[PDB]
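Excluded from the calculations below are hydrogen atoms, water molecules and symmetry mates; all remaining heavy atoms, backbone and side chain alike, are included. By convention in this document, chain letters (A, B, ...) are assigned in the order of the sequence lines, proteins followed by strands, and residues within each chain are numbered from 1.
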2 protein chains.
Amino acid sequence: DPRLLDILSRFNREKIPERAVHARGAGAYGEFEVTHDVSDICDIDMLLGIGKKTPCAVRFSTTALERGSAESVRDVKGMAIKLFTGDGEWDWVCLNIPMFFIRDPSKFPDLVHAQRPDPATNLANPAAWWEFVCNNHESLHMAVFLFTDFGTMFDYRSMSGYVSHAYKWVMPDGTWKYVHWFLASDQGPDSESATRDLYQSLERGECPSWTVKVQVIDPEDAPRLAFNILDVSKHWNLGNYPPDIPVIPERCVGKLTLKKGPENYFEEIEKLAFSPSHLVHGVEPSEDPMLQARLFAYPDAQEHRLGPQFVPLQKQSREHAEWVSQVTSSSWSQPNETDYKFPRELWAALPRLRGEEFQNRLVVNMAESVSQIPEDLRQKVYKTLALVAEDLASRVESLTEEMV
Amino acid sequence: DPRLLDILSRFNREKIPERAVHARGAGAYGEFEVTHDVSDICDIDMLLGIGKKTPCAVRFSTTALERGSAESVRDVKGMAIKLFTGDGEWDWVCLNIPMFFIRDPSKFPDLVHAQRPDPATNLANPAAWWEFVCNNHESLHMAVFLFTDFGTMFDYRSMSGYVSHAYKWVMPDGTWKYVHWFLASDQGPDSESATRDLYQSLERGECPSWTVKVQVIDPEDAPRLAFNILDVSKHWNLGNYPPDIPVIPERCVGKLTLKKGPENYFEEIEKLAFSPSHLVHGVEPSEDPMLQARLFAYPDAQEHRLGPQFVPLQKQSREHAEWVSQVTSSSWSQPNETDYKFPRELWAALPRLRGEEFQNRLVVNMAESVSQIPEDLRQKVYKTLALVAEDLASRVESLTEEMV
Ligand code: HEM
Ligand code: HEM
């Protein structure tokens, strides 16, 4: 029966590899509308003209587990926006946390493997995560951030989105500035709770919206700042912490609102291809090493997952060149004082911004995680934590030793 | 940096497609030991000689969801055993339920799609399952069976395994018989509860064991039985139901016991390839259409999932030929009286083997599912259920109409 063989052969070739990271996700469609004037810093045609409208497609996701896993676990959430303009698609691959774990792109597979299930039993492994954290001290900021309530608080509608990098916005005269934009949720602070919530909201006629803002830094003032704006593991301070770092102001650009979901999930959402290399006229990448790695990695990954196999910029001074040359040196992969300064200030500022219960919950979550690892790794964890704050390490250890 | 590009390229090509069905699973190693004499019905070298021992490899799994999904959901569980004998690998691809949903292999993709998430929202869909059941009346037996406690009762250690087909065991003189073997659990009746249970049991020195039994049917007595032994949607009665069908006796063969888990899950368990076409000397397939489809489907599926792309039998009488010719006819895909007889007898015998609470639980489980489908499909479900038993349909409808 050739017909039965044809049916079975077509059925046998349906599934394709899932994404290396952010495998589980959901999609929707909407539009972007320009509401403010940014013509003095921008020349992108999509953002020129108040009331201009551009169609878009969005894909929300989780981070570390597989396609069928849960969405209410402690993790980072992603939001990838594809915009169809008059010059081509322009992609915004964003995260819901202002910073990232590492700053050296060569450490990415180790971080991903440390966040993946046990290589032998396919079960959860906190030990790999804590060993990675104790070996890499630039992940301390993100680790302290993720064990607060922020790691288990957002769904797809209440989460925000940060591009986390620096880009260059070039004017027609050859000048440019360092920029960083993000989206602020208008409606925010079972393995499919977030997916169900988003689709029910879209069904009941309520259209979620986001506010888009941009922060601008002059190239000649970047070398004189108190932190490296090319270091993706740090964040541009907007008013919370650290107190001694001046605030970088923001302007408003437009608004993004979502209307209608997918009709075929696999064809329209799963097989979508995003990449930071998708740019338009007026925007170029910065000198971030991780951005340079991402400019290559995404098309290469899509060649395997979706493959057939199944204006000259102006020149700056010598100070800018010296400041930029730091990203390619032996010391770039070694910790500095800021790697301990950022989590320390976050810990010190938690009680004032949220209260003592927030801090206590962070301590409890850290201890519950650390209670499942061997004793020597526990001692290493306490020693590493004492570098951020003595009180934090003391409390975490005193509360962990009563739970083993 | 060629080194960074090499690292990222190697990382980008790690994941491969998952299996079309039974994507989530666990593995272990053990051995099979022959304890009884079957030399009068068997010529397979693996089963000749008491005390003979053969290495083994097992892969347990769930049925309908993806790799990262849960294992405590209502589903069918599989157990695939690979044996390394002196003539080659011999595979036993088994299920934990004595029968299967359908009887015509051409309906397999529709059943699989009806059991898969919603094609547009990627959420659960009972409506597709109930529409499929109402369109195909040979799945009523399995549907009634699966909504009892048996659908949410077993883990990987307490579950049993049935090959569910008929095979031919050929003697050196050219004679043969129809056989059907199975494994009886010696120790039985969060998305990784069964996996964790199995690995913890293997970590404490307790080795799970299974008992292997065989049922033998003479070729000349098969045409005169009350049920088609070539129909995979029916089961060989061992003493429970139906009362009016005589019991087919069983003999003992050996025992299978498991010792050691995997060292690398992805390389040793995930990339394992099973197929009913893996046979040895002394065993040949029967005339089952679904078995014939499975003999082709599995290597074809493995060509895509794991591909480089990322003794003459004796002749029987005319009665046997006439009885065998039924599997290739227009009436094979249409329901008969037995498709309603089997679920009716199971329902009628449920009060006698487990009690009335078992029956009530089945009714409640059915109605919770039927409460989530539109009204016309509900009416169709009640009409279809009334063909098995009027009381069952009446109770299910009276309980469902109070929950919508
Ligand atoms: C060296 C650093 C990184 C590498 C090599 C990397 C690599 C990848 C790869 C290979 C994918 C799969 C995309 C596909 O197959 O289409 C992916 C997805 C994704 N990554 Fe990155 N990543 C890095 C860091 C980051 C950063 C800094 C962010 C956010 C600021 C991020 C956010 C995301 C998101 C949101 C997705 C989901 C895209 C989608 O839904 O298709 N990753 N990443
Ligand atoms: C026309 C009928 C059927 C077809 C076409 C079919 C097809 C498949 C396919 C394509 C796979 C994936 C295997 C691989 O990619 O290596 C699979 C796996 C499996 N099937 Fe079937 N199936 C059918 C009926 C059955 C029956 C009757 C049983 C049990 C009696 C069964 C039990 C299993 C099990 C346990 C696995 C897991 C194998 C593993 O762990 O690798 N299926 N099936």
Any side-chain donor near an acceptor of the partner, A/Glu14 and B/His113, under 3.5 Å:
yes
Atom CD of B/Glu192 and atom CG of A/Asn122: how far apart are they, to the nearest 0.5 Å?
7.0 Å
Please flag which part of A/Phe310 lies under 4.5 Å from any non-hydrogen atom of chain B: side chain, backbone, both or neither.
both
For a quick test of reading the model, state the closest non-hydrogen atom pair linking A/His304 to B/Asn12 and the distance between them.
CD2-O, 3.6 Å
Leading residue by heavy atom contact count with chain B [cutoff under 4.5 Å; candidates A/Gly307, A/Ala301, A/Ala26, A/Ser191]
A/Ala301
Please determine whether a side-chain nitrogen of the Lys or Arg among B/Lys15 and A/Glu66 lies less than 4.0 Å from a carboxylate oxygen of the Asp or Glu.
no
Can you tell which part of A/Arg10 gets under 4.5 Å to a heavy atom of chain B, answering side chain, backbone, both or neither?
neither
Does any heavy atom of chain B fall under 4.5 Å from the side chain of A/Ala293, the backbone, both, or neither of them?
both
Under 4.5 Å from any heavy atom of chain B, what part of A/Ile16 do you find: side chain, backbone, both or neither?
backbone
Nearest 0.5 Å, please: how far is NZ in B/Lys107 from CD1 in A/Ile7?
11.5 Å
Will you find, in the side chains of B/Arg67 and A/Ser69, an N or O donor that is under 3.5 Å from an N or O acceptor?
no
I'd like to verify something: which residue of A/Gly68, A/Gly27, A/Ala124 has the highest number of heavy-atom pairs under 4.5 Å with chain B?
A/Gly68
State, yes or no, whether a side-chain contact exists between B/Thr121 and A/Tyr265 at a heavy-atom distance under 4.5 Å.
no
Any side-chain heavy-atom pair of B/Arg3 and A/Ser106 under 4.5 Å:
yes
Side chain / backbone / both / neither for B/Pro308 at chain A, heavy atoms under 4.5 Å:
neither
Rounded distance (nearest 0.5 Å) linking atom CG of B/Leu4 with atom CD of A/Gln292:
11.0 Å
Which pair of heavy atoms, one from A/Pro262 and one from B/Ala120, lies closest together, and at what distance?
CG-O, 3.5 Å
Which bit of A/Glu263 comes within less than 4.5 Å of chain B, counting heavy atoms only: side chain, backbone, both or neither?
backbone
In terms of side-chain heavy atoms, does B/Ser9 have a donor or acceptor partner in A/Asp300 at a distance below 3.5 Å?
yes
About how many Å separate CZ of B/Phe296 and CG of A/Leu5, when rounded to the nearest 0.5 Å?
4.5 Å
To the nearest 0.5 Å, atom CG of A/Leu8 lies from atom CZ of B/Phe108 at 8.5 Å
